Amino acid sequence: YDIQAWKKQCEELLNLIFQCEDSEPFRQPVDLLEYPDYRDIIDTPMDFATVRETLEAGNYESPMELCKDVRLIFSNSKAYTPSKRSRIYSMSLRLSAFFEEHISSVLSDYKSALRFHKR
Ligand SMILES: CCn1cc(CNC(=O)c2cccnc2)cn1
């Protein structure tokens with residue numbers, strides 16, 4: 001029932017994601033010189049360095065907010081892919097499975113702790 005435990009759990013999960021080879025296309029903001037029309041298709045760019053910086057700045061109040069930004073990285077990859085068989089999109093699918101597998105207990109523990117706090 002530790003209401004704050006999610007933060008270090010998310011830092012550790014981000015560390016695993018950065019070591020994952022599948023995170024390579026998502027570690028920093030998409031380069032507009034590489035993908036010139038990126039902002040014509042994607043309204044809200046997102047990447048793992050921005051998520052980590054937001055977390056470290058104390059600008060996430062809950063793991064649900066972090067999870068919304070991480071899921072945005074994957075939805076942006078899906079929306080920008082010309083085919084569902086592209087290299088970058090295929091990496092986002094595997095990384096999304098890994099992330100969802102690990103974030104599930106973080107979310108459950110946090111929501112349980114908050115329900116206990118407000119009992
Ligand atoms: C990390 C950035 N990112 C790349 C993709 C896949 N998109 C392409 O390869 C592509 C190339 C040129 C025009 N349209 C699409 C998805 N997110």
# chains A, B, ... in the order shown; residues from 1 in each chain; ligands from 1
$ select_by_dssp --residues "chain A" --states "helix (DSSP H, G or I)" --output "PyMOL selection string"
chain A and resi 6-19+21-26+38-41+48-56+63-80+87-117
$ closest_atom_pairs --of "chain A" --to "ligand 1" --cutoff "10 Å" --atoms "only C-alpha atoms and all ligand atoms" --output "Markdown table"
| residue | atom | partner | partner_atom_place_in_ligand_line | distance |
| --- | --- | --- | --- | --- |
| A:23 | CA | ligand 1 | 1 (C) | 9.6 |
| A:24 | CA | ligand 1 | 1 (C) | 8.5 |
| A:25 | CA | ligand 1 | 1 (C) | 4.7 |
| A:26 | CA | ligand 1 | 1 (C) | 5.7 |
| A:27 | CA | ligand 1 | 1 (C) | 8.8 |
| A:28 | CA | ligand 1 | 1 (C) | 8.7 |
| A:29 | CA | ligand 1 | 1 (C) | 7.9 |
| A:30 | CA | ligand 1 | 2 (C) | 5.3 |
| A:31 | CA | ligand 1 | 2 (C) | 7.6 |
| A:32 | CA | ligand 1 | 2 (C) | 9.2 |
| A:34 | CA | ligand 1 | 12 (C) | 8.3 |
| A:35 | CA | ligand 1 | 12 (C) | 6.0 |
| A:36 | CA | ligand 1 | 13 (C) | 8.2 |
| A:37 | CA | ligand 1 | 13 (C) | 7.5 |
| A:38 | CA | ligand 1 | 14 (N) | 7.7 |
| A:41 | CA | ligand 1 | 14 (N) | 9.3 |
| A:42 | CA | ligand 1 | 17 (N) | 9.5 |
| A:45 | CA | ligand 1 | 2 (C) | 9.7 |
| A:46 | CA | ligand 1 | 1 (C) | 9.8 |
| A:47 | CA | ligand 1 | 1 (C) | 8.7 |
| A:73 | CA | ligand 1 | 17 (N) | 8.6 |
| A:74 | CA | ligand 1 | 17 (N) | 8.5 |
| A:75 | CA | ligand 1 | 17 (N) | 9.2 |
| A:76 | CA | ligand 1 | 17 (N) | 6.5 |
| A:77 | CA | ligand 1 | 16 (C) | 4.0 |
| A:78 | CA | ligand 1 | 16 (C) | 6.5 |
| A:79 | CA | ligand 1 | 16 (C) | 7.3 |
| A:80 | CA | ligand 1 | 16 (C) | 4.6 |
| A:81 | CA | ligand 1 | 6 (C) | 4.1 |
| A:82 | CA | ligand 1 | 15 (C) | 5.3 |
| A:83 | CA | ligand 1 | 6 (C) | 8.2 |
| A:84 | CA | ligand 1 | 6 (C) | 9.4 |
| A:85 | CA | ligand 1 | 6 (C) | 9.8 |
| A:86 | CA | ligand 1 | 6 (C) | 6.5 |
| A:87 | CA | ligand 1 | 6 (C) | 7.4 |
| A:88 | CA | ligand 1 | 6 (C) | 5.4 |
| A:89 | CA | ligand 1 | 16 (C) | 6.0 |
| A:90 | CA | ligand 1 | 6 (C) | 9.4 |
| A:91 | CA | ligand 1 | 16 (C) | 9.8 |
| A:92 | CA | ligand 1 | 16 (C) | 8.6 |
$ closest_residue --among "A:18, A:98, A:6, A:48" --to "residue 61 in chain A" --atoms "only C-alpha atoms"
A:6
$ atom_distance --atom1 "CA of residue 71 in chain A" --atom2 "CA of residue 116 in chain A"
27.1 Å
$ closest_residue --among "A:39, A:52, A:68, A:8" --to "residue 100 in chain A" --atoms "only C-alpha atoms"
A:68
$ closest_residue --among "A:119, A:11, A:63, A:5" --to "residue 104 in chain A" --atoms "only C-alpha atoms"
A:63
$ atom_distance --atom1 "CA of residue 40 in chain A" --atom2 "CA of residue 93 in chain A"
22.8 Å
$ residues_around --residues "residue 10 in chain A" --least-positions-apart "3" --cutoff "8 Å" --atoms "only C-alpha atoms" --output "list in words"
residues 6, 7, 13, 14, 63, 103 and 106 of chain A
$ write_last_selection --atoms "N, CA, C and O atoms" --output "compact mmCIF listing (two decimals), in the first residue's frame"
# COMPACT_ATOMS: atom_id res chain seq x y z
N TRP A 6 5.32 3.44 -7.10
CA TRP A 6 5.29 3.39 -8.55
C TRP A 6 6.45 4.11 -9.21
O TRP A 6 6.87 3.71 -10.31
N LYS A 7 6.93 5.20 -8.60
CA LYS A 7 7.93 6.03 -9.27
C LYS A 7 9.25 5.29 -9.52
O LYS A 7 9.68 5.20 -10.68
N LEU A 13 11.71 0.22 -14.86
CA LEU A 13 11.16 -0.24 -16.14
C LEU A 13 11.73 0.59 -17.33
O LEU A 13 12.10 0.03 -18.38
N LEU A 14 11.86 1.92 -17.15
CA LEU A 14 12.47 2.75 -18.19
C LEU A 14 13.92 2.33 -18.43
O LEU A 14 14.34 2.24 -19.58
N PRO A 63 1.25 6.60 -12.07
CA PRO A 63 1.78 5.77 -13.17
C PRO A 63 0.82 5.71 -14.36
O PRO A 63 1.26 5.40 -15.45
N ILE A 103 4.13 -3.12 -16.79
CA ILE A 103 3.42 -2.01 -16.14
C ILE A 103 2.16 -2.44 -15.42
O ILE A 103 1.70 -1.72 -14.51
N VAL A 106 2.51 -2.53 -11.70
CA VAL A 106 2.75 -1.18 -11.19
C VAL A 106 1.43 -0.43 -11.04
O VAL A 106 1.16 0.19 -10.00
$ atom_distance --atom1 "CA of residue 108 in chain A" --atom2 "CA of residue 55 in chain A"
18.7 Å
